[PDB]
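Asks: Below is the file upload.txt, with compact mmCIF, C-alpha atoms.
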```txt
# COMPACT_ATOMS: atom_id res chain seq x y z
CA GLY L 1 -1.31 32.25 75.60
CA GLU L 2 1.23 30.76 78.03
CA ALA L 3 0.25 27.45 76.43
CA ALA L 4 2.04 28.56 73.26
CA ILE L 5 5.36 27.47 74.79
CA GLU L 6 4.17 24.22 76.36
CA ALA L 7 3.21 23.18 72.82
CA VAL L 8 6.65 24.07 71.44
CA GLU L 9 8.00 21.59 73.97
CA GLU L 10 5.55 19.04 72.59
CA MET L 11 6.92 19.38 69.06
CA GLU L 12 10.58 19.22 70.16
CA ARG L 13 9.64 16.20 72.24
CA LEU L 14 7.97 14.22 69.48
CA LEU L 15 10.77 15.05 67.05
CA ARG L 16 13.63 13.91 69.23
CA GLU L 17 11.66 10.81 70.30
CA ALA L 18 11.18 9.43 66.77
CA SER L 19 14.50 10.87 65.70
CA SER L 20 16.09 8.79 68.45
CA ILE L 21 14.45 5.41 67.97
CA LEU L 22 16.18 5.44 64.56
CA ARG L 23 19.49 6.68 65.86
CA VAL L 24 19.89 9.79 63.69
CA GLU L 25 20.41 13.52 63.90
CA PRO L 26 16.99 15.18 64.25
CA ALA L 27 17.98 16.99 61.04
CA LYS L 28 18.68 13.79 59.06
CA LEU L 29 15.44 12.27 60.26
CA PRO L 30 13.05 12.83 57.33
CA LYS L 31 15.65 11.39 54.90
CA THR L 32 16.12 8.16 56.85
CA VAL L 33 12.37 7.80 57.59
CA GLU L 34 11.73 7.96 53.83
CA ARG L 35 14.49 5.40 53.25
CA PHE L 36 13.19 3.10 55.97
CA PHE L 37 9.66 3.45 54.72
CA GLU L 38 10.92 2.37 51.31
CA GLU L 39 12.87 -0.63 52.51
CA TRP L 40 9.81 -1.49 54.59
CA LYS L 41 7.68 -1.55 51.45
CA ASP L 42 10.33 -3.38 49.45
CA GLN L 43 10.82 -6.03 52.15
CA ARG L 44 7.06 -6.50 52.22
CA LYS L 45 6.93 -7.37 48.53
CA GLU L 46 10.22 -9.31 48.63
CA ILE L 47 8.93 -11.60 51.36
CA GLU L 48 5.84 -12.19 49.31
CA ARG L 49 8.06 -12.98 46.37
CA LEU L 50 10.11 -15.52 48.34
CA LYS L 51 6.99 -17.17 49.70
CA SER L 52 6.02 -17.79 46.07
CA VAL L 53 9.29 -19.40 44.99
CA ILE L 54 9.21 -21.74 47.99
CA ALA L 55 5.87 -23.14 46.92
CA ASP L 56 7.27 -23.23 43.39
CA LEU L 57 10.28 -25.33 44.21
CA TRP L 58 8.12 -27.31 46.65
CA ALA L 59 5.62 -28.22 43.99
CA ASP L 60 8.49 -29.14 41.64
CA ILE L 61 9.85 -31.53 44.29
CA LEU L 62 6.41 -33.07 44.61
CA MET L 63 6.39 -33.91 40.89
CA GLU L 64 9.69 -35.72 41.33
CA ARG L 65 7.95 -38.72 42.83
CA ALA L 66 4.82 -38.77 40.69
CA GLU L 67 3.19 -41.93 39.39
CA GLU L 68 1.91 -42.44 35.85
CA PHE L 69 -1.56 -43.37 34.70
CA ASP L 70 -2.36 -42.77 31.04
CA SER L 71 0.58 -40.45 30.37
CA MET L 72 -0.90 -38.53 33.27
CA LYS L 73 1.26 -37.83 36.25
CA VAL L 74 -0.60 -38.61 39.50
CA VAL L 75 0.82 -37.05 42.67
CA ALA L 76 -0.05 -38.32 46.12
CA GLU L 77 2.05 -37.37 49.12
CA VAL L 78 1.69 -36.60 52.88
CA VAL L 79 3.12 -33.11 53.49
CA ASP L 80 4.28 -30.85 56.35
CA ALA L 81 2.04 -27.93 55.42
CA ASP L 82 -0.75 -25.74 56.70
CA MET L 83 -3.84 -25.49 54.52
CA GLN L 84 -2.85 -22.22 52.88
CA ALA L 85 0.29 -24.03 51.72
CA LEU L 86 -1.51 -27.14 50.49
CA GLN L 87 -3.62 -24.79 48.44
CA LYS L 88 -0.61 -22.98 46.97
CA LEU L 89 0.72 -26.36 46.00
CA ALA L 90 -2.54 -27.75 44.63
CA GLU L 91 -2.81 -24.94 42.09
CA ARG L 92 0.81 -25.29 41.00
CA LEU L 93 0.67 -29.07 40.53
CA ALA L 94 -2.52 -28.62 38.57
CA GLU L 95 -1.06 -26.02 36.18
CA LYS L 96 1.56 -28.68 35.39
CA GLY L 97 -1.28 -30.91 34.20
CA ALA L 98 -1.10 -33.29 37.11
CA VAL L 99 -3.77 -34.98 39.15
CA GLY L 100 -3.90 -36.21 42.69
CA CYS L 101 -4.22 -35.32 46.36
CA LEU L 102 -2.11 -33.85 49.20
CA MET L 103 -2.80 -34.37 52.91
CA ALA L 104 -1.21 -32.70 55.95
CA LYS L 105 -1.59 -33.31 59.70
CA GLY L 106 -3.36 -30.53 61.54
CA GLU L 107 -4.06 -30.10 65.23
CA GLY L 108 -7.14 -32.19 65.89
CA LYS L 109 -7.69 -32.84 62.19
CA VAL L 110 -6.09 -33.65 58.84
CA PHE L 111 -5.97 -31.03 56.07
CA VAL L 112 -6.68 -32.39 52.56
CA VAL L 113 -6.48 -31.07 49.01
CA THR L 114 -7.13 -32.44 45.55
CA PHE L 115 -5.92 -31.06 42.21
CA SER L 116 -6.70 -31.77 38.56
CA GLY L 117 -5.00 -30.66 35.38
CA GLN L 118 -7.23 -33.03 33.48
CA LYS L 119 -10.88 -33.53 32.67
CA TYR L 120 -11.41 -35.20 36.05
CA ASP L 121 -12.93 -33.03 38.76
CA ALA L 122 -11.09 -32.02 41.92
CA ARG L 123 -14.23 -31.85 44.05
CA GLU L 124 -15.19 -35.23 42.69
CA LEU L 125 -11.84 -36.82 43.64
CA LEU L 126 -11.98 -35.22 47.09
CA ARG L 127 -15.32 -36.72 48.15
CA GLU L 128 -14.09 -40.03 46.85
CA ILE L 129 -11.13 -39.99 49.29
CA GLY L 130 -13.21 -38.13 51.82
CA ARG L 131 -15.44 -41.18 52.08
CA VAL L 132 -12.34 -43.25 52.84
CA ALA L 133 -10.75 -40.96 55.44
CA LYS L 134 -14.15 -39.86 56.79
CA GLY L 135 -14.41 -36.15 56.07
CA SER L 136 -15.76 -33.65 53.59
CA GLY L 137 -14.84 -30.54 51.67
CA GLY L 138 -15.41 -28.70 48.40
CA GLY L 139 -13.79 -26.39 45.86
CA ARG L 140 -13.36 -25.98 42.10
CA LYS L 141 -12.79 -28.34 39.16
CA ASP L 142 -9.01 -28.07 39.28
CA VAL L 143 -8.52 -27.68 43.07
CA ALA L 144 -10.49 -28.66 46.19
CA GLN L 145 -9.94 -27.96 49.90
CA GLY L 146 -11.07 -30.34 52.65
CA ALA L 147 -10.67 -31.55 56.22
CA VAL L 148 -10.66 -35.16 57.42
CA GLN L 149 -9.84 -37.23 60.49
CA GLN L 150 -7.72 -40.15 59.29
CA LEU L 151 -4.25 -39.69 57.68
CA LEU L 152 -3.83 -41.99 54.64
CA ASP L 153 -0.68 -43.56 53.11
CA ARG L 154 0.69 -42.53 49.78
CA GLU L 155 -0.34 -46.06 48.93
CA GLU L 156 -3.79 -45.85 50.43
CA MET L 157 -4.10 -42.54 48.59
CA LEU L 158 -2.81 -43.65 45.19
CA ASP L 159 -5.08 -46.65 45.60
CA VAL L 160 -8.08 -44.41 46.18
CA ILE L 161 -7.24 -41.98 43.42
CA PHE L 162 -6.39 -44.78 40.98
CA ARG L 163 -9.89 -46.18 41.20
CA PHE L 164 -11.38 -42.70 40.76
CA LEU L 165 -9.28 -42.36 37.60
CA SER L 166 -9.81 -45.72 35.96
CA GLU L 167 -13.51 -45.45 36.70
CA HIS L 168 -15.02 -41.97 37.02
CA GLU L 169 -13.50 -40.93 33.70
CA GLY L 170 -12.50 -43.90 31.62
CA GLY N 1 18.99 34.35 69.09
CA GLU N 2 16.98 35.12 65.94
CA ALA N 3 19.13 32.57 64.12
CA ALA N 4 17.44 30.26 66.62
CA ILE N 5 13.90 31.59 66.21
CA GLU N 6 14.10 30.01 62.75
CA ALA N 7 15.97 26.94 64.03
CA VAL N 8 12.81 26.13 65.92
CA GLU N 9 10.80 26.63 62.76
CA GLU N 10 13.23 24.15 61.15
CA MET N 11 12.34 21.35 63.57
CA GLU N 12 8.68 22.14 63.04
CA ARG N 13 9.31 21.33 59.38
CA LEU N 14 11.57 18.38 60.11
CA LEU N 15 8.89 16.90 62.37
CA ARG N 16 6.15 17.70 59.93
CA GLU N 17 8.05 16.04 57.06
CA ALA N 18 8.70 12.73 58.82
CA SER N 19 5.10 12.69 60.00
CA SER N 20 4.12 13.48 56.44
CA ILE N 21 5.89 10.55 54.83
CA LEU N 22 4.45 7.88 57.15
CA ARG N 23 1.09 9.53 56.62
CA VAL N 24 0.45 10.34 60.29
CA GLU N 25 -0.33 13.27 62.61
CA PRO N 26 3.01 14.45 64.12
CA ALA N 27 1.47 13.88 67.54
CA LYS N 28 1.33 10.15 66.87
CA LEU N 29 4.71 9.98 65.08
CA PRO N 30 7.10 8.15 67.39
CA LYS N 31 4.39 5.49 67.88
CA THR N 32 4.45 4.87 64.14
CA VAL N 33 8.19 5.24 63.68
CA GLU N 34 8.34 2.46 66.26
CA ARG N 35 5.87 -0.03 64.86
CA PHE N 36 7.48 0.19 61.38
CA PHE N 37 11.00 -0.03 62.76
CA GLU N 38 9.87 -3.21 64.50
CA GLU N 39 8.10 -4.58 61.45
CA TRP N 40 11.27 -3.61 59.59
CA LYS N 41 13.61 -5.79 61.60
CA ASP N 42 11.06 -8.63 61.62
CA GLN N 43 10.87 -8.58 57.84
CA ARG N 44 14.68 -8.68 57.52
CA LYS N 45 14.67 -11.79 59.69
CA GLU N 46 11.75 -13.44 57.85
CA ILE N 47 13.43 -12.78 54.53
CA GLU N 48 16.73 -14.34 55.67
CA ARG N 49 14.68 -17.32 56.81
CA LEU N 50 12.69 -17.73 53.62
CA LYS N 51 16.00 -17.65 51.85
CA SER N 52 17.48 -20.54 53.85
CA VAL N 53 14.37 -22.45 52.96
CA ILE N 54 14.46 -21.86 49.28
CA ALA N 55 17.99 -23.14 49.73
CA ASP N 56 16.95 -26.26 51.57
CA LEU N 57 14.43 -27.12 48.85
CA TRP N 58 16.59 -26.03 45.93
CA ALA N 59 19.50 -28.26 46.93
CA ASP N 60 17.08 -31.12 47.57
CA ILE N 61 16.10 -30.79 43.94
CA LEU N 62 19.63 -30.56 42.60
CA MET N 63 20.52 -34.00 43.88
CA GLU N 64 17.54 -35.46 42.07
CA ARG N 65 19.70 -34.88 38.97
CA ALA N 66 23.10 -36.04 40.24
CA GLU N 67 25.37 -38.42 38.35
CA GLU N 68 27.45 -40.95 40.29
CA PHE N 69 31.13 -41.80 40.24
CA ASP N 70 31.98 -44.84 42.31
CA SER N 71 28.76 -44.62 44.30
CA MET N 72 29.29 -40.94 45.16
CA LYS N 73 26.86 -38.31 43.91
CA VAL N 74 28.16 -35.54 41.66
CA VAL N 75 26.12 -32.42 41.07
CA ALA N 76 26.93 -30.23 38.09
CA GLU N 77 24.47 -27.61 36.88
CA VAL N 78 23.77 -24.07 35.66
CA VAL N 79 21.39 -22.23 37.98
CA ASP N 80 19.60 -18.90 38.26
CA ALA N 81 21.40 -17.74 41.40
CA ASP N 82 23.54 -15.01 42.91
CA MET N 83 26.80 -15.79 44.64
CA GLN N 84 25.03 -15.66 48.02
CA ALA N 85 22.58 -18.28 46.71
CA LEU N 86 25.30 -20.46 45.18
CA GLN N 87 27.26 -20.49 48.40
CA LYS N 88 24.03 -21.44 50.22
CA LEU N 89 23.50 -24.36 47.85
CA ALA N 90 27.13 -25.52 47.82
CA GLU N 91 27.11 -25.84 51.59
CA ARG N 92 23.86 -27.77 51.62
CA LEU N 93 24.99 -29.99 48.73
CA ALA N 94 28.24 -30.79 50.55
CA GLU N 95 26.45 -31.37 53.84
CA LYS N 96 24.52 -34.08 52.06
CA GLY N 97 27.82 -35.69 51.02
CA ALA N 98 28.21 -34.77 47.38
CA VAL N 99 30.91 -33.54 45.03
CA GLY N 100 30.43 -31.09 42.26
CA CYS N 101 30.26 -27.62 40.87
CA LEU N 102 27.52 -25.01 40.27
CA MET N 103 27.87 -22.03 37.92
CA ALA N 104 25.65 -19.01 37.37
CA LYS N 105 25.73 -16.12 34.87
CA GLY N 106 26.24 -12.64 36.24
CA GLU N 107 26.95 -9.06 35.27
CA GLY N 108 29.92 -9.46 32.99
CA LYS N 109 31.19 -12.67 34.59
CA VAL N 110 30.29 -16.22 35.61
CA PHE N 111 30.21 -17.28 39.27
CA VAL N 112 31.61 -20.60 40.35
CA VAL N 113 30.98 -22.70 43.41
CA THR N 114 32.55 -26.11 43.91
CA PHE N 115 32.03 -28.39 46.91
CA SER N 116 32.95 -31.72 48.41
CA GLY N 117 31.31 -33.83 51.10
CA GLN N 118 34.04 -36.37 50.42
CA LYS N 119 37.78 -36.73 50.70
CA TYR N 120 38.26 -34.46 47.67
CA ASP N 121 39.06 -30.79 48.30
CA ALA N 122 36.55 -28.27 46.90
CA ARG N 123 39.46 -25.97 46.17
CA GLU N 124 41.49 -28.51 44.22
CA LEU N 125 38.40 -28.98 42.08
CA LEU N 126 37.68 -25.27 41.69
CA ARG N 127 41.27 -24.76 40.63
CA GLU N 128 40.66 -27.42 37.97
CA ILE N 129 37.34 -26.15 36.56
CA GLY N 130 38.69 -22.60 36.80
CA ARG N 131 41.65 -23.60 34.64
CA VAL N 132 39.22 -24.59 31.91
CA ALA N 133 36.69 -21.80 31.99
CA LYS N 134 39.38 -19.18 32.51
CA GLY N 135 39.06 -17.93 36.08
CA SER N 136 39.87 -18.37 39.77
CA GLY N 137 38.54 -18.36 43.34
CA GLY N 138 39.29 -20.02 46.67
CA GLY N 139 37.69 -21.23 49.87
CA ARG N 140 37.88 -24.09 52.35
CA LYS N 141 38.17 -27.86 51.91
CA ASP N 142 34.42 -28.40 51.46
CA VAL N 143 33.25 -25.25 49.62
CA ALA N 144 34.80 -22.76 47.21
CA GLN N 145 33.80 -19.50 45.54
CA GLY N 146 35.49 -18.25 42.39
CA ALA N 147 34.81 -16.26 39.22
CA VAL N 148 35.18 -17.30 35.63
CA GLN N 149 34.69 -15.65 32.25
CA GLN N 150 33.13 -18.47 30.23
CA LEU N 151 29.95 -20.27 31.34
CA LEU N 152 30.36 -24.04 31.08
CA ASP N 153 27.78 -26.54 29.89
CA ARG N 154 26.78 -29.40 32.20
CA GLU N 155 28.58 -31.83 29.95
CA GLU N 156 31.63 -29.62 30.20
CA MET N 157 31.40 -29.37 33.97
CA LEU N 158 30.77 -33.04 34.48
CA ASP N 159 33.56 -33.68 32.02
CA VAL N 160 35.97 -31.77 34.23
CA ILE N 161 34.64 -32.96 37.53
CA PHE N 162 35.00 -36.60 36.48
CA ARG N 163 38.49 -36.34 34.98
CA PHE N 164 39.52 -34.82 38.31
CA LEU N 165 37.80 -37.57 40.26
CA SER N 166 39.58 -40.14 38.11
CA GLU N 167 43.08 -38.75 38.66
CA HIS N 168 42.64 -38.91 42.44
CA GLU N 169 41.32 -42.44 41.87
CA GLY N 170 44.29 -44.09 40.18
```
Let me see the structure of the file written as structure tokens.

Replies:
Amino acid sequence: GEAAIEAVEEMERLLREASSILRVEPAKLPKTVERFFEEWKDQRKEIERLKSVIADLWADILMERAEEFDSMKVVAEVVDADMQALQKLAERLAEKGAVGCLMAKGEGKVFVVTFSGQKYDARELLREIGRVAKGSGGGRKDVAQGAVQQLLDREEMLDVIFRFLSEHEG
Amino acid sequence: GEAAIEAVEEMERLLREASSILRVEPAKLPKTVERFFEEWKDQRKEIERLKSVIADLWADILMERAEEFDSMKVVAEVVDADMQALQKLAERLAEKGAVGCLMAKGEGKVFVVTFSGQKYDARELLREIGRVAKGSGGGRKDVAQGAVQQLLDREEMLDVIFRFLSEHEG
């Protein structure tokens, strides 16, 4: 039973350890730990909130240079984004009833995305430009992910997508 | 020392509570109090970063709506922002060489932020718009914070900002 004291040291150890890495009286520890755990959870959601807004504004900015084709706003721009981003943008542009494609340079390859807020099909538009840039990908009707090897101009793009519009659907 | 035989019990509880809130065995507490604490600071950084990005984009989209007075851009708008935000925008907007004022509704008052990436002094201007919306603030030559009771329309703001520009132009 002489190990009943060596354990008491254990407890006092652990307490002061944690209690110290937060710079607080070992007696005001629980209170601050609770607080910190809260902030930690808040910050977690807050960051996720901010990430949203950024893609929001970002999409908005992308609409600012849109082209028109049958009252439809076509968006085609090269962007400094990772795929996850391009996807967060594709959706957003789509919900605004726009149609087009976004590309972004990746290491070794080019990330591509296509969105549709109209009857046209994302996947359909994607292949179409995929043939041009030499690559493939798939997705849904309103959004489509893809990877390619050649980076195209906003012109080359618009050109590609314009055909797809004037032809594949009317 | 009996008043100490319970003081030890105390720490057993203290330790057990902290452990309890971060859902971990007291043995493995400091390890966890550490990870979180780290992840805590990281988050705070990340958040402050995401903010300066929302700013970068936001401002970029405010100019898209600027009027011009003798080839200079003037931004005047009502935005959903807090004084920290405003100040973030004002600086960006001035760094891009623009004149103008931003106003946002708050708890019981209206926040004002004028700026000038030109010869004009942000303060002079604030003083002027403040005189009309009933309020005051201060700042440096290029940016200025202030509070006002009535929230101006864009017409109203532009109205003021231009009159001011015209006086220092004749």

Asks: Please identify every residue of chain N that has at least one atom no farther than 12 Å from an atom of chain L, counting only C-alpha atoms, and for each give the shortest atom pair and the distance in Å to one decimal, arranged by chain then increasing number, as a tab-separated table.

Replies:
```
residue	atom	partner	partner_atom	distance
N:5	CA	L:8	CA	11.7
N:7	CA	L:27	CA	10.6
N:8	CA	L:12	CA	8.4
N:9	CA	L:8	CA	10.0
N:10	CA	L:27	CA	8.6
N:11	CA	L:12	CA	7.1
N:12	CA	L:11	CA	6.9
N:13	CA	L:30	CA	9.5
N:14	CA	L:30	CA	6.4
N:15	CA	L:15	CA	5.4
N:16	CA	L:30	CA	8.8
N:17	CA	L:30	CA	5.9
N:18	CA	L:30	CA	4.6
N:19	CA	L:30	CA	8.4
N:20	CA	L:30	CA	9.0
N:21	CA	L:34	CA	6.5
N:22	CA	L:37	CA	7.3
N:23	CA	L:37	CA	10.7
N:25	CA	L:14	CA	10.8
N:26	CA	L:14	CA	7.3
N:27	CA	L:14	CA	6.8
N:28	CA	L:14	CA	8.2
N:29	CA	L:18	CA	6.7
N:30	CA	L:18	CA	4.3
N:31	CA	L:18	CA	7.9
N:32	CA	L:18	CA	8.5
N:33	CA	L:18	CA	6.0
N:34	CA	L:21	CA	7.0
N:35	CA	L:21	CA	10.6
N:36	CA	L:40	CA	7.4
N:37	CA	L:22	CA	7.7
N:38	CA	L:40	CA	10.1
N:39	CA	L:40	CA	7.7
N:40	CA	L:40	CA	5.6
N:41	CA	L:40	CA	9.1
N:42	CA	L:43	CA	9.8
N:43	CA	L:43	CA	6.2
N:44	CA	L:43	CA	7.1
N:45	CA	L:47	CA	10.1
N:46	CA	L:47	CA	7.3
N:47	CA	L:47	CA	5.6
N:48	CA	L:47	CA	9.3
N:49	CA	L:47	CA	9.8
N:50	CA	L:50	CA	6.3
N:51	CA	L:50	CA	7.2
N:52	CA	L:54	CA	10.2
N:53	CA	L:54	CA	7.2
N:54	CA	L:54	CA	5.4
N:55	CA	L:54	CA	9.1
N:56	CA	L:54	CA	9.7
N:57	CA	L:57	CA	6.5
N:58	CA	L:57	CA	6.6
N:59	CA	L:57	CA	10.0
N:60	CA	L:61	CA	7.9
N:61	CA	L:61	CA	6.3
N:62	CA	L:61	CA	10.0
N:63	CA	L:61	CA	11.0
N:64	CA	L:64	CA	7.9
N:65	CA	L:64	CA	10.3
```

Asks: Include C-alpha atoms and write out the residues we just selected as a short mmCIF file (atom, residue, chain, number, x, y, z; two decimals), in the frame of the given file.

Replies:
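Generated file (out.cif):
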```cif
data_model
loop_
_atom_site.label_atom_id
_atom_site.label_comp_id
_atom_site.auth_asym_id
_atom_site.auth_seq_id
_atom_site.Cartn_x
_atom_site.Cartn_y
_atom_site.Cartn_z
CA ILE N 5 13.90 31.59 66.21
CA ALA N 7 15.97 26.94 64.03
CA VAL N 8 12.81 26.13 65.92
CA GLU N 9 10.80 26.63 62.76
CA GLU N 10 13.23 24.15 61.15
CA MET N 11 12.34 21.35 63.57
CA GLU N 12 8.68 22.14 63.04
CA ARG N 13 9.31 21.33 59.38
CA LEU N 14 11.57 18.38 60.11
CA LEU N 15 8.89 16.90 62.37
CA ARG N 16 6.15 17.70 59.93
CA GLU N 17 8.05 16.04 57.06
CA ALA N 18 8.70 12.73 58.82
CA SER N 19 5.10 12.69 60.00
CA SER N 20 4.12 13.48 56.44
CA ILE N 21 5.89 10.55 54.83
CA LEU N 22 4.45 7.88 57.15
CA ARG N 23 1.09 9.53 56.62
CA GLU N 25 -0.33 13.27 62.61
CA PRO N 26 3.01 14.45 64.12
CA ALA N 27 1.47 13.88 67.54
CA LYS N 28 1.33 10.15 66.87
CA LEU N 29 4.71 9.98 65.08
CA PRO N 30 7.10 8.15 67.39
CA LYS N 31 4.39 5.49 67.88
CA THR N 32 4.45 4.87 64.14
CA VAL N 33 8.19 5.24 63.68
CA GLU N 34 8.34 2.46 66.26
CA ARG N 35 5.87 -0.03 64.86
CA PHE N 36 7.48 0.19 61.38
CA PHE N 37 11.00 -0.03 62.76
CA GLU N 38 9.87 -3.21 64.50
CA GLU N 39 8.10 -4.58 61.45
CA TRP N 40 11.27 -3.61 59.59
CA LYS N 41 13.61 -5.79 61.60
CA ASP N 42 11.06 -8.63 61.62
CA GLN N 43 10.87 -8.58 57.84
CA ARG N 44 14.68 -8.68 57.52
CA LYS N 45 14.67 -11.79 59.69
CA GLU N 46 11.75 -13.44 57.85
CA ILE N 47 13.43 -12.78 54.53
CA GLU N 48 16.73 -14.34 55.67
CA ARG N 49 14.68 -17.32 56.81
CA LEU N 50 12.69 -17.73 53.62
CA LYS N 51 16.00 -17.65 51.85
CA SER N 52 17.48 -20.54 53.85
CA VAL N 53 14.37 -22.45 52.96
CA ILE N 54 14.46 -21.86 49.28
CA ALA N 55 17.99 -23.14 49.73
CA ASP N 56 16.95 -26.26 51.57
CA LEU N 57 14.43 -27.12 48.85
CA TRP N 58 16.59 -26.03 45.93
CA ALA N 59 19.50 -28.26 46.93
CA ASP N 60 17.08 -31.12 47.57
CA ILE N 61 16.10 -30.79 43.94
CA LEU N 62 19.63 -30.56 42.60
CA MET N 63 20.52 -34.00 43.88
CA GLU N 64 17.54 -35.46 42.07
CA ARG N 65 19.70 -34.88 38.97
#
```

Asks: May I ask which of the residues N:83, N:3, N:98, N:89 is the closest one to residue 70 (chain N), counting all atoms listed in the file?

Replies: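 Ranking N:83, N:3, N:98, N:89 by distance to residue 70 (chain N), first place goes to N:98.
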
Asks: Identify the residues within 12 Å of coordinate (29.9, -27.5, 30.1) (same frame as the file), considering all atoms listed in the file, and give the answer as an NGL selection string.

Replies: :N and (76-78 or 101-104 or 129 or 132-133 or 150-161)

Asks: To one decimal in Å, tell me the separation between CA of residue 96 (chain N) and CA of residue 164 (chain N).

Replies: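 Separation of CA of residue 96 (chain N) and CA of residue 164 (chain N): 20.4 Å.
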
Asks: Could you tell me how far CA of residue 74 (chain N) sits from CA of residue 120 (chain N), in Å to one decimal place?

Replies: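 Interatomic distance here is 11.8 Å.
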
Asks: Could you please determine the separation between CA of residue 148 (chain L) and CA of residue 114 (chain L) in Å, to one decimal place?

Replies: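 Here the two named atoms are 12.7 Å from each other.
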
Asks: With 12 Å as the threshold, what does the neighbourhood of (-16.4, -35.4, 43.1) contain in terms of residues, counting all atoms listed in the file? Coordinates are those of the file; answer as number ranges by chain.

Replies: L: 114-116, 119-131, 136-145, 161, 164-165, 168-169

Asks: Hey, which of N:112, N:85, N:99, N:147 ends up closest to residue 73 (chain N)? Count all atoms listed in the file.

Replies: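 When distances to residue 73 (chain N) are compared using all atoms listed in the file, the smallest one comes from N:99.
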
Asks: Since the input is missing atoms for region 85-96 of chain N, could you rebuild it with N, CA, C and O atoms and give the result as a compact mmCIF listing (two decimals), in the coordinates of the input?

Replies:
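The result, stored in rebuild21.txt:
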```
# COMPACT_ATOMS: atom_id res chain seq x y z
N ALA N 85 23.37 -17.07 46.95
CA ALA N 85 22.58 -18.28 46.71
C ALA N 85 23.53 -19.47 46.54
O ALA N 85 23.53 -20.40 47.35
N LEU N 86 24.32 -19.42 45.47
CA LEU N 86 25.30 -20.46 45.18
C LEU N 86 25.93 -20.98 46.46
O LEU N 86 25.78 -22.14 46.83
N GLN N 87 26.63 -20.10 47.16
CA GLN N 87 27.26 -20.49 48.40
C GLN N 87 26.31 -21.21 49.33
O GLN N 87 26.73 -22.12 50.04
N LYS N 88 25.04 -20.80 49.35
CA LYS N 88 24.03 -21.44 50.22
C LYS N 88 23.80 -22.88 49.77
O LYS N 88 23.69 -23.79 50.58
N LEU N 89 23.71 -23.06 48.45
CA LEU N 89 23.50 -24.36 47.85
C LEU N 89 24.72 -25.24 48.09
O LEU N 89 24.61 -26.31 48.69
N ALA N 90 25.88 -24.78 47.65
CA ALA N 90 27.13 -25.52 47.82
C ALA N 90 27.29 -26.13 49.20
O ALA N 90 27.66 -27.29 49.32
N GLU N 91 27.02 -25.34 50.23
CA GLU N 91 27.11 -25.84 51.59
C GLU N 91 26.11 -26.96 51.77
O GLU N 91 26.47 -28.04 52.18
N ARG N 92 24.84 -26.71 51.44
CA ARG N 92 23.86 -27.77 51.62
C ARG N 92 24.28 -29.03 50.88
O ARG N 92 24.36 -30.10 51.49
N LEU N 93 24.56 -28.88 49.58
CA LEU N 93 24.99 -29.99 48.73
C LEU N 93 26.16 -30.78 49.33
O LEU N 93 26.17 -31.99 49.27
N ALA N 94 27.13 -30.09 49.92
CA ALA N 94 28.24 -30.79 50.55
C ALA N 94 27.80 -31.43 51.85
O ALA N 94 28.29 -32.49 52.23
N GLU N 95 26.87 -30.81 52.56
CA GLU N 95 26.45 -31.37 53.84
C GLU N 95 25.73 -32.68 53.62
O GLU N 95 25.66 -33.50 54.53
N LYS N 96 25.22 -32.86 52.41
CA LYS N 96 24.52 -34.08 52.06
C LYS N 96 25.50 -35.08 51.44
O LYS N 96 25.09 -36.11 50.90
```
